[PDB]
Amino acid sequence: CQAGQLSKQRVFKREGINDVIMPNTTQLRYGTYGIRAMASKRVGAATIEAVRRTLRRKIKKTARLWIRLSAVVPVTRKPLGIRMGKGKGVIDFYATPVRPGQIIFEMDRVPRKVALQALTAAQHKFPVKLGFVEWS
Amino acid sequence: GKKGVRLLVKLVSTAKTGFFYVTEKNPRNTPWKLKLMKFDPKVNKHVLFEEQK
Amino acid sequence: XXXXXXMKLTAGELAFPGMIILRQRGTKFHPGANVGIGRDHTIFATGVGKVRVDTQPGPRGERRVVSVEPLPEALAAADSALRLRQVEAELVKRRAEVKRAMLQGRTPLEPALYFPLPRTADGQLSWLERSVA
Amino acid sequence: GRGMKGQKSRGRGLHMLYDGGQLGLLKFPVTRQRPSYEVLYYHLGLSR
Amino acid sequence: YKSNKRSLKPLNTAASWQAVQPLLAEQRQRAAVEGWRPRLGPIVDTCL
RNA sequence: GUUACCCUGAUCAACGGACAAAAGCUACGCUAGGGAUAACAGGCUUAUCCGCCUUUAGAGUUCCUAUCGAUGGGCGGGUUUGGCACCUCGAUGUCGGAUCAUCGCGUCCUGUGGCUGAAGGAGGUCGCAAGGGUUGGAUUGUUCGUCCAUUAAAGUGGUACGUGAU
RNA sequence: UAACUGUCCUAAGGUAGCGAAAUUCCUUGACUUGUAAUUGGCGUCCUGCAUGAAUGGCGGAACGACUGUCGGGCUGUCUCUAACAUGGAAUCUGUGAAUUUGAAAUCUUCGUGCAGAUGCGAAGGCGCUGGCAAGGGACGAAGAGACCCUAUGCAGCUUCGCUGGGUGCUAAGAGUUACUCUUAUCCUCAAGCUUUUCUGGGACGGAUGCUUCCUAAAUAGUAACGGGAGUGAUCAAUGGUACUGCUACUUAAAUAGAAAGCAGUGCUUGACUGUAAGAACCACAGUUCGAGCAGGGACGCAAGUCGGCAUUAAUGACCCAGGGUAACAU
RNA sequence: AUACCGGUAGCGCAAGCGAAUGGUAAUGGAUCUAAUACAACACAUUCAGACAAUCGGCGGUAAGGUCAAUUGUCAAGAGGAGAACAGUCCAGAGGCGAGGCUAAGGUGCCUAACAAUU
RNA sequence: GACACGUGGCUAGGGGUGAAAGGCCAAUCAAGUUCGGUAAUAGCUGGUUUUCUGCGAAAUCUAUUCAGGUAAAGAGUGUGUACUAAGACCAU
RNA sequence: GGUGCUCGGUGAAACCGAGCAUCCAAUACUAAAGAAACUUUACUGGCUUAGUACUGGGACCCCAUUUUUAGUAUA
Ligand SMILES: [Mg+2]
Ligand SMILES: [Mg+2]
Ligand SMILES: [Mg+2]
Ligand SMILES: [Mg+2]
Ligand SMILES: [Mg+2]
Ligand SMILES: [Mg+2]
Ligand SMILES: [Mg+2]
Ligand SMILES: [Mg+2]
Ligand SMILES: [Mg+2]
Ligand SMILES: [Mg+2]
Ligand SMILES: [Mg+2]
Ligand SMILES: [Mg+2]
Ligand SMILES: [Mg+2]
Ligand SMILES: [Mg+2]
Ligand SMILES: [Mg+2]
Ligand SMILES: [Mg+2]
Ligand SMILES: [Mg+2]
Ligand SMILES: [Mg+2]
């Protein structure tokens, strides 16, 4: 959930709205029961760890958790009293771009009922809507 | 710059009539007197040009 | 600054000698027939003809060669090299007369001073007076 | 016909040849070559 | 190209084509001695 | 000496290069303008603030919901600190209390209903309700704050953080 | 705690006698008293942000329309105001202004709006006009300067800002032969001139040429004290030309490069003289490419290349001053 | 009887593919041109812009904030609609008329117009 | 009494006087008042007076002791010249 | 009759004398690169209350057609 690199680099755009409806990163590739987004929203690292522990609380040790999003995008936030201008502010937190068709949590043969149970707690702590996808 | 010791210097003709070429030179890396055959328009023949300041 | 670097005359455009066809950084386009190349790889026409851009096999990959193909009514009025030079000279002279007719004497083309002849060397046409022995 | 509150609106305060501060007419070389005599002579053509 | 000034390229193109036109006519005539669109009557209107 | 040509010489770096040279102060200041540039505040915003939740892992001698909220996600206010400079410089009382007010409720009391780990008392919340009540003064220029001791209580705010043509 | 020793730049590191003090940020400094309750005093203590023998340190009698505090008495300052007296005010008669004023026949609330509406929209209210009172509004009135910024702005003052002999002393000559003249110049006095700009106010900080990459959206172009690398050169060979071996580098990045890479060789100076049609570009000044012609050359059997280096940065006008040469002049 | 230029959006693990609008030239227009193009002919003004939609940097995917690109309006523009309304939608006002047809918007009453389809 | 008062006199503006306050020097003094240079200067503010008709912008860009000023380019008007175009659209 | 790998031959050229792979005179699989075609959809132009108001263009990848290869097999 932090940019695991050597440079404290800077970014320009913080958005990911583009749809991949056709066979384009839409099928599961590592797991068999998946959790996907439905609308584009840039989400921060704290939410990603909070949802990960929130759904991990409903996951056994014989269930792998393939996370698909890694927070590697620096976001620059200016301090309170700074007047507008004079360059770009320091990097405050790390975020991820989420696209409408991206699967972000895909699971192994932990039962589908428990996978749907974990999705409800994940969608409670997440800003944008979540959906259920399976290998079928 | 001040660290770069290379200067501009003058090449005066042997032939006569004082036609000259001004070209730069490193003093340290070239302590020769710079001598080249260049075209002299006063005589319209190539002659030699030694270095004088 | 601005540094405008693109292709000025496209393929099938009639060109005359000296006209810059394209300005580039590095040889993205390579010179062909009736075409010169400058210090900064500027491609300039050395003959009257339409520009042709063709792709040929190259040492690294897919070389694009820019060329000027002479007119089919030229090479019929044209040994051959002398005849082409004479045909090109008449076309260049005609172009100047047409351009002077189109700019109807509203631009300062020639000096016409009240002074003695503008300084002339043995060759003539020097805007630099030089004392003579 | 003067516009609104410039220096042109005040009247007779700015010369026509002032161009802002870049003295472009003062960037060209000065030539002191006097022309030869015979330009003070009368020139008459054989045609006349 | 950032210069906000009218390009002379249309005048240069027109000059080049007009310059080569006498050669084109002479050589085409020489080949025609040594060796496009159909148009309709211009009607005033098409509604009786 | 005059004139051309061939040439050279500034961190002329404020790099289209002020007329030779070249620092400050003005709560003693003066003039012309600017709401084209800030402060006293009205307008816009809601990052920071304040309420409402939701998830609620847990604490609570056991037990998530008597009672508290850890992490994330939001909705509402502009009364906090900020951001913009849209409004007045042909100058416009705010950062206090003295008197006198009006309104909202997110109720301190009085009037009241539920859950109560509810012996009635005494409490904790939670639901309705704004009729009228919220006093002393010792200390600080303090609207901040205590602590003297009395009450049923010594409410928090909009009021150009009400109120100098009183 | 650091009394005595150990160190570093350094004119020197502040004594008996001072200190939360006219002056000590923490602050309601811990300590006693003071009041029932004390952040403002008094007397101690030490942890001196930012004290201290000539900016005179240590306290005293008397003095003060000076400043901060405690007791007695005194009383409407107050708890909490009441009655009365005099003179205005209110009534009548007589005399008799001024500030202000686009025109007005000027309601309320909510909304809108150059962003707080008597005038606009929606809804509602209102017999009409006054006297005597109160002042919330009319961004009441009274000053085109309270504060901030700007000016080819002024003014006065200050100084190790600049320039001057003006001014005072000084220096060196000279005259009548103390005084006077000439010339120069420290330190004083009096002046005269300067003492930029960009800035989500101003100050502070930062920057002011040129090149490349992203913004910049597939011709070109395109902003912000927007974001990442460079540069103010090197090289008589790292230039030119003709060759010889080998193959993943050449650099600031981009585009490119079987050589424009890496090691070599043989000759040479085109790292020239005088020009140049035509274009890129471009406000202008400038900037960029340039085939070809003439001269004299270089390399190559030739073909043909060479007006510096694969390119895009290393290129400051004009004036002024200096040098070589040429012509004319004295 | 059409040809070159571009390396973006999207896609790819990368190398690389790669649009749409776009530029430029030729050819053809009885399509437009009460005007256009040029001018070393002369006289100016302007060089403080604002907002809305679509795509962006810096901001808080805040601000009728500030700064880019495309288009429009206002500026310099009345009329009708949006209750009122610089910048929205329709529409570009020579004048008069107690004539008619429409746009945006309407068709219970204020407030013109169908219990049309009901 | 370092006192107060009366009547004449002296010190005048880059100057006087001051038990020293930027105090006073005839109700605007860190430079009196009046007159002259002077119709000083003001890139700043305000103002500009009869009618009708036709056309009709710009707030971009470059430079600047310069960014509220100016000049050049772009965009306006009149005049001239000249094309079925150095023009606009559409098609291939 | 074809290209190369080089021995040499001159004129700097290019071809000549050799001697192997196919060009012709093969089928059958596999891993690369390219070519043209195309369903769907991203992405876009106009219009737009932000797409049960529309409409034009149209990818990439996969599958399928096929070419240049290389490697592994056949009698
Ligand atoms: Mg400067
Ligand atoms: Mg100066
Ligand atoms: Mg404010
Ligand atoms: Mg009385
Ligand atoms: Mg209102
Ligand atoms: Mg009354
Ligand atoms: Mg009254
Ligand atoms: Mg100034
Ligand atoms: Mg330089
Ligand atoms: Mg000289
Ligand atoms: Mg891309
Ligand atoms: Mg526009
Ligand atoms: Mg308009
Ligand atoms: Mg209108
Ligand atoms: Mg209306
Ligand atoms: Mg005077
Ligand atoms: Mg405009
Ligand atoms: Mg300006």
# chains A, B, ... in the order shown; residues from 1 in each chain; ligands from 1

$ residues_near_ligand --ligand "ligand 2" --cutoff "9 Å" --atoms "only C-alpha atoms (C1' of nucleotides) and all ligand atoms" --output "PyMOL selection string"
(chain F and resi 18-22) or (chain G and resi 194)

$ closest_atom_pairs --of "chain F" --to "ligand 9" --cutoff "12 Å" --atoms "only C-alpha atoms (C1' of nucleotides) and all ligand atoms" --output "CSV"
residue,atom,partner,partner_atom_place_in_ligand_line,distance
F:10,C1',ligand 9,1 (Mg),11.3
F:11,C1',ligand 9,1 (Mg),9.5
F:12,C1',ligand 9,1 (Mg),11.9
F:13,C1',ligand 9,1 (Mg),8.9
F:15,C1',ligand 9,1 (Mg),8.1

$ residues_near_ligand --ligand "ligand 8" --cutoff "9 Å" --atoms "only C-alpha atoms (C1' of nucleotides) and all ligand atoms" --output "PyMOL selection string"
(chain G and resi 150-153+196) or (chain I and resi 65)

$ residues_near_ligand --ligand "ligand 18" --cutoff "8 Å" --atoms "only C-alpha atoms (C1' of nucleotides) and all ligand atoms" --output "list in words"
residues 47 of chain H; 67, 68 and 69 of chain I

$ write_last_selection --atoms "N, CA and C atoms (P, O5', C5', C4', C3', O3' and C1' of nucleotides)" --output "PDB file, in the first residue's frame"
ATOM      1  P     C H  47      -7.040  47.509 -23.650  1.00  0.00           P
ATOM      2  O5'   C H  47      -5.793  46.534 -23.750  1.00  0.00           O
ATOM      3  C5'   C H  47      -5.979  45.134 -23.835  1.00  0.00           C
ATOM      4  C4'   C H  47      -4.736  44.442 -24.320  1.00  0.00           C
ATOM      5  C3'   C H  47      -3.499  44.629 -23.468  1.00  0.00           C
ATOM      6  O3'   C H  47      -3.501  43.811 -22.313  1.00  0.00           O
ATOM      7  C1'   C H  47      -2.947  44.863 -25.760  1.00  0.00           C
TER       8        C H  47
ATOM      9  P     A I  67       4.641  49.508 -16.496  1.00  0.00           P
ATOM     10  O5'   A I  67       3.741  48.263 -16.068  1.00  0.00           O
ATOM     11  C5'   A I  67       2.536  47.962 -16.759  1.00  0.00           C
ATOM     12  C4'   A I  67       2.452  46.506 -17.146  1.00  0.00           C
ATOM     13  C3'   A I  67       2.088  45.527 -16.040  1.00  0.00           C
ATOM     14  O3'   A I  67       0.689  45.438 -15.844  1.00  0.00           O
ATOM     15  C1'   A I  67       3.880  44.670 -17.360  1.00  0.00           C
ATOM     16  P     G I  68      -0.040  46.259 -14.676  1.00  0.00           P
ATOM     17  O5'   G I  68      -0.546  47.575 -15.408  1.00  0.00           O
ATOM     18  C5'   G I  68      -1.175  47.514 -16.686  1.00  0.00           C
ATOM     19  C4'   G I  68      -2.199  48.609 -16.875  1.00  0.00           C
ATOM     20  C3'   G I  68      -1.652  50.018 -17.091  1.00  0.00           C
ATOM     21  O3'   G I  68      -2.603  50.747 -17.866  1.00  0.00           O
ATOM     22  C1'   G I  68      -2.947  49.983 -15.136  1.00  0.00           C
ATOM     23  P     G I  69      -2.489  50.843 -19.464  1.00  0.00           P
ATOM     24  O5'   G I  69      -1.175  51.701 -19.691  1.00  0.00           O
ATOM     25  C5'   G I  69      -1.166  53.097 -19.456  1.00  0.00           C
ATOM     26  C4'   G I  69       0.131  53.700 -19.915  1.00  0.00           C
ATOM     27  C3'   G I  69       0.482  53.469 -21.374  1.00  0.00           C
ATOM     28  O3'   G I  69      -0.159  54.359 -22.264  1.00  0.00           O
ATOM     29  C1'   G I  69       2.330  52.910 -20.052  1.00  0.00           C
TER      30        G I  69
END

$ residues_near_ligand --ligand "ligand 11" --cutoff "9 Å" --atoms "only C-alpha atoms (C1' of nucleotides) and all ligand atoms" --output "PyMOL selection string"
chain H and resi 7-11

$ write_last_selection --atoms "C-alpha atoms (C1' of nucleotides)" --output "PDB file, in the first residue's frame"
ATOM      1  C1'   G H   7       2.482   8.272 -33.001  1.00  0.00           C
ATOM      2  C1'   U H   8      -1.652  10.641 -29.304  1.00  0.00           C
ATOM      3  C1'   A H   9      -7.257   7.845 -27.393  1.00  0.00           C
ATOM      4  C1'   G H  10      -7.591   2.523 -26.990  1.00  0.00           C
ATOM      5  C1'   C H  11      -4.809  -2.076 -26.630  1.00  0.00           C
TER       6        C H  11
END

$ select_by_dssp --residues "chain E" --states "helix (DSSP H, G or I)" --output "PyMOL selection string"
chain E and resi 9-34

$ write_last_selection --atoms "N, CA, C and O atoms" --output "mmCIF file, in the first residue's frame"
data_model
loop_
_atom_site.group_PDB
_atom_site.id
_atom_site.type_symbol
_atom_site.label_atom_id
_atom_site.label_comp_id
_atom_site.auth_asym_id
_atom_site.auth_seq_id
_atom_site.Cartn_x
_atom_site.Cartn_y
_atom_site.Cartn_z
ATOM 1 N N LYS E 9 3.020 30.750 -48.583
ATOM 2 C CA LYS E 9 3.081 29.415 -49.243
ATOM 3 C C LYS E 9 2.015 29.255 -50.334
ATOM 4 O O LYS E 9 2.357 28.651 -51.366
ATOM 5 N N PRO E 10 0.745 29.703 -50.198
ATOM 6 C CA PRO E 10 -0.199 29.633 -51.317
ATOM 7 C C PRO E 10 0.285 30.427 -52.540
ATOM 8 O O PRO E 10 0.079 29.962 -53.639
ATOM 9 N N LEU E 11 0.881 31.604 -52.337
ATOM 10 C CA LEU E 11 1.450 32.391 -53.464
ATOM 11 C C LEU E 11 2.612 31.626 -54.104
ATOM 12 O O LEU E 11 2.698 31.617 -55.342
ATOM 13 N N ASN E 12 3.479 31.024 -53.289
ATOM 14 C CA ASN E 12 4.639 30.263 -53.815
ATOM 15 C C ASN E 12 4.156 29.056 -54.620
ATOM 16 O O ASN E 12 4.753 28.770 -55.669
ATOM 17 N N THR E 13 3.138 28.352 -54.126
ATOM 18 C CA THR E 13 2.604 27.169 -54.844
ATOM 19 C C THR E 13 1.999 27.611 -56.173
ATOM 20 O O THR E 13 2.276 26.959 -57.192
ATOM 21 N N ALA E 14 1.233 28.698 -56.166
ATOM 22 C CA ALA E 14 0.577 29.196 -57.397
ATOM 23 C C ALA E 14 1.634 29.635 -58.406
ATOM 24 O O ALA E 14 1.440 29.397 -59.604
ATOM 25 N N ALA E 15 2.699 30.279 -57.934
ATOM 26 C CA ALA E 15 3.772 30.753 -58.831
ATOM 27 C C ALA E 15 4.442 29.560 -59.497
ATOM 28 O O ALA E 15 4.733 29.646 -60.700
ATOM 29 N N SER E 16 4.698 28.499 -58.736
ATOM 30 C CA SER E 16 5.425 27.331 -59.285
ATOM 31 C C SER E 16 4.596 26.673 -60.388
ATOM 32 O O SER E 16 5.151 26.348 -61.458
ATOM 33 N N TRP E 17 3.306 26.494 -60.134
ATOM 34 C CA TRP E 17 2.439 25.836 -61.137
ATOM 35 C C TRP E 17 2.300 26.709 -62.385
ATOM 36 O O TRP E 17 2.372 26.171 -63.492
ATOM 37 N N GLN E 18 2.114 28.014 -62.209
ATOM 38 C CA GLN E 18 1.964 28.933 -63.364
ATOM 39 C C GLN E 18 3.276 29.003 -64.142
ATOM 40 O O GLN E 18 3.217 29.268 -65.338
ATOM 41 N N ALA E 19 4.409 28.883 -63.456
ATOM 42 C CA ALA E 19 5.728 28.922 -64.120
ATOM 43 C C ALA E 19 5.891 27.732 -65.057
ATOM 44 O O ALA E 19 6.358 27.930 -66.180
ATOM 45 N N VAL E 20 5.487 26.543 -64.623
ATOM 46 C CA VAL E 20 5.739 25.331 -65.453
ATOM 47 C C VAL E 20 4.682 25.188 -66.544
ATOM 48 O O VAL E 20 4.898 24.363 -67.420
ATOM 49 N N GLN E 21 3.609 25.973 -66.513
ATOM 50 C CA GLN E 21 2.490 25.797 -67.486
ATOM 51 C C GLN E 21 2.909 25.982 -68.952
ATOM 52 O O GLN E 21 2.426 25.183 -69.773
ATOM 53 N N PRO E 22 3.732 26.971 -69.371
ATOM 54 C CA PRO E 22 4.170 27.045 -70.769
ATOM 55 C C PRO E 22 4.964 25.818 -71.246
ATOM 56 O O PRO E 22 4.795 25.443 -72.388
ATOM 57 N N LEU E 23 5.826 25.253 -70.400
ATOM 58 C CA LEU E 23 6.551 24.012 -70.777
ATOM 59 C C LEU E 23 5.547 22.876 -70.968
ATOM 60 O O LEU E 23 5.707 22.119 -71.937
ATOM 61 N N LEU E 24 4.560 22.765 -70.076
ATOM 62 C CA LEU E 24 3.596 21.639 -70.143
ATOM 63 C C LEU E 24 2.826 21.743 -71.455
ATOM 64 O O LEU E 24 2.665 20.713 -72.126
ATOM 65 N N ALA E 25 2.374 22.946 -71.803
ATOM 66 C CA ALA E 25 1.569 23.117 -73.028
ATOM 67 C C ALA E 25 2.423 22.809 -74.251
ATOM 68 O O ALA E 25 1.940 22.086 -75.124
ATOM 69 N N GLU E 26 3.653 23.316 -74.287
ATOM 70 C CA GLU E 26 4.504 23.147 -75.491
ATOM 71 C C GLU E 26 4.830 21.667 -75.699
ATOM 72 O O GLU E 26 4.698 21.197 -76.834
ATOM 73 N N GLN E 27 5.228 20.967 -74.638
ATOM 74 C CA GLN E 27 5.613 19.535 -74.749
ATOM 75 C C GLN E 27 4.393 18.663 -75.048
ATOM 76 O O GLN E 27 4.543 17.679 -75.787
ATOM 77 N N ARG E 28 3.252 18.975 -74.446
ATOM 78 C CA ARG E 28 2.009 18.225 -74.761
ATOM 79 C C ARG E 28 1.614 18.463 -76.223
ATOM 80 O O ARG E 28 1.204 17.498 -76.889
ATOM 81 N N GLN E 29 1.721 19.700 -76.703
ATOM 82 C CA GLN E 29 1.417 20.003 -78.124
ATOM 83 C C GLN E 29 2.428 19.305 -79.037
ATOM 84 O O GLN E 29 2.035 18.880 -80.133
ATOM 85 N N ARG E 30 3.696 19.265 -78.632
ATOM 86 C CA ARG E 30 4.743 18.611 -79.459
ATOM 87 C C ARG E 30 4.445 17.118 -79.575
ATOM 88 O O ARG E 30 4.566 16.589 -80.674
ATOM 89 N N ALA E 31 4.052 16.472 -78.482
ATOM 90 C CA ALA E 31 3.678 15.039 -78.531
ATOM 91 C C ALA E 31 2.417 14.845 -79.377
ATOM 92 O O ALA E 31 2.292 13.771 -79.983
ATOM 93 N N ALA E 32 1.486 15.798 -79.334
ATOM 94 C CA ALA E 32 0.220 15.701 -80.097
ATOM 95 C C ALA E 32 0.419 15.978 -81.590
ATOM 96 O O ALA E 32 -0.480 15.627 -82.365
ATOM 97 N N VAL E 33 1.523 16.625 -81.968
ATOM 98 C CA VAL E 33 1.811 16.870 -83.412
ATOM 99 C C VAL E 33 2.806 15.829 -83.933
ATOM 100 O O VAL E 33 2.543 15.258 -85.003
ATOM 101 N N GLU E 34 3.900 15.590 -83.205
ATOM 102 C CA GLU E 34 4.945 14.630 -83.657
ATOM 103 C C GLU E 34 4.373 13.210 -83.721
ATOM 104 O O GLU E 34 4.640 12.504 -84.711
#

$ residues_near_ligand --ligand "ligand 7" --cutoff "8 Å" --atoms "only C-alpha atoms (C1' of nucleotides) and all ligand atoms" --output "PyMOL selection string"
chain G and resi 131-133

$ write_last_selection --atoms "C-alpha atoms (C1' of nucleotides)" --output "PDB file, in the first residue's frame"
ATOM      1  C1'   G G 131     -47.259  66.688  17.067  1.00  0.00           C
ATOM      2  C1'   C G 132     -44.227  64.754  21.270  1.00  0.00           C
ATOM      3  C1'   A G 133     -40.493  60.764  22.015  1.00  0.00           C
TER       4        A G 133
END

$ interface_residues --of "chain F" --to "chain C" --cutoff "12 Å" --atoms "only C-alpha atoms (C1' of nucleotides)" --output "list in words"
residues 3, 4, 5 and 6 of chain F

$ residues_around --residues "segment 3-19 of chain D" --least-positions-apart "3" --cutoff "8 Å" --atoms "only C-alpha atoms (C1' of nucleotides)" --output "count of residues only"
8

$ residues_near_ligand --ligand "ligand 15" --cutoff "8 Å" --atoms "only C-alpha atoms (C1' of nucleotides) and all ligand atoms" --output "list in words"
residues 80, 81, 82, 84 and 85 of chain H

$ write_last_selection --atoms "C-alpha atoms (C1' of nucleotides)" --output "PDB file, in the first residue's frame"
ATOM      1  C1'   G H  80     -39.474  35.175 -26.092  1.00  0.00           C
ATOM      2  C1'   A H  81     -38.594  31.009 -22.279  1.00  0.00           C
ATOM      3  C1'   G H  82     -35.882  29.784 -17.714  1.00  0.00           C
ATOM      4  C1'   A H  84     -36.844  37.099 -10.983  1.00  0.00           C
ATOM      5  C1'   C H  85     -31.415  36.516 -14.222  1.00  0.00           C
TER       6        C H  85
END

$ atom_distance --atom1 "atom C1' of residue 98 of chain H" --atom2 "atom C1' of residue 78 of chain H"
24.0 Å

$ residues_near_ligand --ligand "ligand 13" --cutoff "12 Å" --atoms "only C-alpha atoms (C1' of nucleotides) and all ligand atoms" --output "PyMOL selection string"
(chain H and resi 72-77+87+92) or (chain I and resi 57)

$ select_by_dssp --residues "chain B" --states "strand (DSSP E)" --output "MDAnalysis selection string"
chainID B and resid 7:13 20:25 36:40 45:52
